[PDB]
Number of protein chains: 6
Amino acid sequence: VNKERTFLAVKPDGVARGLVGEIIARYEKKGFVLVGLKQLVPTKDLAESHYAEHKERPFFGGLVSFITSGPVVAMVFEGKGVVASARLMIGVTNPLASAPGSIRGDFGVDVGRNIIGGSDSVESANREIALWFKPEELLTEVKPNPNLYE
Amino acid sequence: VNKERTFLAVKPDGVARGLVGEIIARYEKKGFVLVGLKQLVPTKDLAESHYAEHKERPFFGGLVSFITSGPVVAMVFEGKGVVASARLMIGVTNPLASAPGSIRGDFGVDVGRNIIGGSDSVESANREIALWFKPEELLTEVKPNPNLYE
Amino acid sequence: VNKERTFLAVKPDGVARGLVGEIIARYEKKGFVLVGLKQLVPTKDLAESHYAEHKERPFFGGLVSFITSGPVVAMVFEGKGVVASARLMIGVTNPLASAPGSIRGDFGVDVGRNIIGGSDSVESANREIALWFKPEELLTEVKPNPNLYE
Amino acid sequence: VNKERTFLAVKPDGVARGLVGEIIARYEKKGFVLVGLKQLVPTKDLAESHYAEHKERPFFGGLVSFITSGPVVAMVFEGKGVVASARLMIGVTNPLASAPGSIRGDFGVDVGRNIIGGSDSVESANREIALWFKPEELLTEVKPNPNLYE
Amino acid sequence: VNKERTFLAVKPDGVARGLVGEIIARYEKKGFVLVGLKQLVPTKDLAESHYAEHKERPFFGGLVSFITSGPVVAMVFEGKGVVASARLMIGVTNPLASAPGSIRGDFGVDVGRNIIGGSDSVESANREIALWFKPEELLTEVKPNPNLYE
Amino acid sequence: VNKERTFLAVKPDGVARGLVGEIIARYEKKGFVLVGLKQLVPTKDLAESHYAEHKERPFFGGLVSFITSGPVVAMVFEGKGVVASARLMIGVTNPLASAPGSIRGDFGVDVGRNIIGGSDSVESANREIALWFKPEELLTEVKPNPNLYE
Ligand SMILES: Cc1cn([C@H]2C=C[C@@H](COP(=O)(O)OP(=O)(O)OP(=O)(O)O)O2)c(=O)[nH]c1=O
Ligand SMILES: Cc1cn([C@H]2C=C[C@@H](COP(=O)(O)OP(=O)(O)OP(=O)(O)O)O2)c(=O)[nH]c1=O
Ligand SMILES: Cc1cn([C@H]2C=C[C@@H](COP(=O)(O)OP(=O)(O)OP(=O)(O)O)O2)c(=O)[nH]c1=O
Ligand SMILES: Cc1cn([C@H]2C=C[C@@H](COP(=O)(O)OP(=O)(O)OP(=O)(O)O)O2)c(=O)[nH]c1=O
Ligand SMILES: Cc1cn([C@H]2C=C[C@@H](COP(=O)(O)OP(=O)(O)OP(=O)(O)O)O2)c(=O)[nH]c1=O
Ligand SMILES: Cc1cn([C@H]2C=C[C@@H](COP(=O)(O)OP(=O)(O)OP(=O)(O)O)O2)c(=O)[nH]c1=O
Ligand SMILES: [Mg+2]
Ligand SMILES: [Mg+2]
Ligand SMILES: [Mg+2]
Ligand SMILES: [Mg+2]
Ligand SMILES: [Mg+2]
Ligand SMILES: [Mg+2]
């Protein structure tokens, strides 16, 4: 369905580096529709829940501390296959291994400063969207450009 | 000082046209810092208050109707002379008269579909920021970039 | 030979979305030479001979009606290995599976609105070029650029 | 009216320099609609009727020979005030005096290789369009985009 | 003459901010030819001579100290009217007053962090070129794209 | 470590084509730091030493002739995994086989005119940097960007 959604966060490094607009632009050019958007400084609570699946992993700590270190631009995008697509557009975890053309491939070098984060499955997307956004913050009236879908 | 702030809004046409990232990128590249950001569908009240100075102008009804017809991406940018600079970057009210290089100049043709709106003075900016953003949505921590400011 | 040619069409969706220049620019930047160009609204017969290989397939009907639904910008580009290179630049049939960096990968989300079409072999290209352009509409003189070719 | 039209030609230098897509993209992004497009090598008669107003001027001869020296991409764009707007987007006769942001300002350095030509009045445009395009080569159906026009 | 030259320096702020390529690209797109290029950390001696005309002015000190604070990319560009043109492309001293489309207008906010510096006259250009570059560092064989000049 | 360096060279075709800024910008945007930069016309000796590994290859003579036929912009970039990353960003030897998004993929069509050259290993990089740059031309002071490196 063309109403699938995903959660993307331009991390503190992406924001500090002035990449918010560039990133949003990539998803707009693709045809995806912004249904949620805000800048905030994530609270430890938020980050911990966001990255709950990594509570164990040794890098969990610094990650939580990093995402809460400064402003982040949280976004929700809607469109057909947007979850998988946005990940393809982001690249892979390691920016050095990300293909040119992808966001990490074009802009990053370090795993811990990998610019943006995106939901890895519809299940996770739904969970993270609910986490970062109040329902009234998400559009209900979505208007994709009439030339994008059959 | 370098703490001046202005209110900018990508209107429904700018949003429908996928110009959000492009616009945000222009202000990021300029060196202004994003201190507030959110997408929302304006209410009649918000819209009428935002444009209160024009309540007796003939175009007011259509303007309020249009600004409330879809999502708007509201933002606040901070930096030296940001209010006058943002206006220069936007162009003039009529996009056809706006210079190539300005946002309306590069992207618009109709006064009623002029893509973005920005505060016209520090006074208007203070009033507009207050209308659209709660204090808690605006960053307080803004370390000036040593690369942008002497 | 450096005079290979391929047929590319910015489909009705690509034209309506204002992607004609962006697409042409990618081929110009690559070093391919525009030897034919025109905008037209395809007739049913043209569309049908163009997609003749799919006349028995289920999506054929919807494809032909779509191609004829609005203007198309038909082009012929010349250069070494332009047929296969132009396809690599386009992506794969499904824009969602097309890599960031490719035309469909950067701009599309639906197989039926996949922006551009390109010949898939030298044979198909010669055939398609003959279908869309009269000889007089194609450049005959193309001195290879010494900066692009040994 | 929103149906005003103007004639623009990417001159032989603009075409040879691979600026066709970049130029078209600027007009598409602005919101103007491509209603006519084709690449051709101008005949002496065409060039001469096109620049008829300069037939008595000294540079006329060199101008006509240049316009006919290689392919040109002729275009017709439609929209509110497109004639004057398209000229503002082009710059002024001398690219060196053309403002950054304009086509000549960004890409040229010589009056005789000034990249693109555009009609300078509605009268001239209608005349020029009739010179370069047969009616059948121009779109008749142009429903204004609701995002570009009130 | 098409062999006029000018000296441009991407200052430490321009380099620190990752604007070297963007700036060089603007001059290449314009048609100007790079005849000298190098990155170095300016010595006080160099900066003082470079900015000799301001030895008096109160801002002289900090300026010298700023240009010597980090790497700078020194460049020499050749083309018709390149001295005046490059200044027009740079903007005015104050980035806030520089027009969008110009380098300072697009990227800066502070007079002391104004990204790039360019010769203000052929006389000064010649002096600065001689100052920053050894004759053997400057091209003698200059090849402008044959489509730029009459 | 994050101090790895690689040698990159915009070949004469890349320079003639005005691709210098674009290429430098790609590496700047990626987060790699420019530690050396200069434009020069290679000598037969430099060229033969640079490509010594290919001295018995059939294409060696034409390659040496071409690389010495005009200016080259030589550069050294520093950062984690810069050598392999730079290669990924360049593409593969044959531009036609290089992926959209890579430099050769976006801009080239001929193996002999493949725009840029980059070290293929840390060993080759150390050798190449030493060939083209004196120690005094390479920055020694490189404070890692806190935004790019954990
Ligand atoms: C695996 C890993 C990750 N990270 C950082 C980067 C992204 C986040 C989450 O890691 P991940 O969930 O495995 O990667 P990925 O899906 O690509 O990233 P996110 O989109 O979830 O941020 O933590 C890190 O610092 N070190 C590591 O070793
Ligand atoms: C003058 C005018 C304007 N408008 C639209 C455009 C901007 C808003 C507000 O008008 P304005 O306040 O005078 O223009 P301006 O400052 O340039 O735009 P904003 O940044 O305030 O939106 O109304 C319209 O629809 N018709 C008109 O005749
Ligand atoms: C296979 C397929 C295709 N299409 C659309 C997409 C491209 C065209 C032609 O299909 P194709 O010939 O198999 O793919 P491809 O070469 O990538 O497309 P063109 O470049 O020829 O348009 O039809 C569709 O609407 N539904 C489908 O199931
Ligand atoms: C005046 C002039 C002009 N030209 C070239 C540039 C544009 C065309 C037409 O000149 P023009 O008609 O006066 O300027 P302009 O409208 O800006 O150009 P076009 O858009 O019509 O090409 O001729 C030239 O080579 N030498 C000259 O002295
Ligand atoms: C006038 C002025 C200048 N500056 C900085 C900016 C550029 C240089 C040189 O100033 P300038 O020579 O008057 O301006 P301009 O030509 O635009 O700049 P340069 O291209 O010469 O760097 O010093 C500053 O810090 N404060 C000031 O008040
Ligand atoms: C293989 C080959 C190559 N070349 C040109 C292209 C790059 C250089 C060096 O070849 P290479 O070393 O194998 O390719 P590659 O690493 O991709 O390119 P460089 O970054 O070293 O220039 O020679 C050529 O003209 N003809 C050929 O057949
Ligand atoms: Mg993850
Ligand atoms: Mg106003
Ligand atoms: Mg096909
Ligand atoms: Mg004229
Ligand atoms: Mg000066
Ligand atoms: Mg090699």
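In what follows, chains are A, B, ... by sequence order, proteins preceding strands, each numbered from 1. Excluded from the calculations below are hydrogen atoms, water molecules and symmetry mates; all remaining heavy atoms, backbone and side chain alike, are included. Counting convention: from 1, in listed order, for ligands and their atoms alike.
- Using a 4.0 Å cut-off between charged side-chain N and carboxylate O, D:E48 and D:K44 make a salt bridge.
- In A:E56, the CD atom is crowded: over 12 heavy atoms of neighbouring residues, nucleotides or ligands sit closer than 6.0 Å.
- Residues D:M89 and D:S102 have side chains not in contact (no heavy-atom distance under 4.5 Å, counting atoms from C-beta outward).
- Closest approach of D:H50 and D:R127 over heavy atoms only: O-NH1, 3.6 Å.
- Near ligand 2, heavy-atom contacts under 4.0 Å come from B:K11, B:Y51, B:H54, B:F59, B:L63, B:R87, B:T93, B:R104, B:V111, B:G112, B:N114, B:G117, B:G118.
- Checked for salt-bridge contact, B:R26 and B:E22 meet the test: a charged N lies under 4.0 Å from a carboxylate O.
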Exercise answer: donor-acceptor pairs, residues 59-77 of chain B side-chain atoms, under 3.5 Å, sequence neighbours excluded:
unit_1, atom_1, unit_2, atom_2, d
B:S65, OG, B:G61, O, 3.3
B:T68, OG1, B:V64, O, 2.6
B:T68, OG1, B:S65, O, 3.1
B:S69, OG, B:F66, O, 2.5

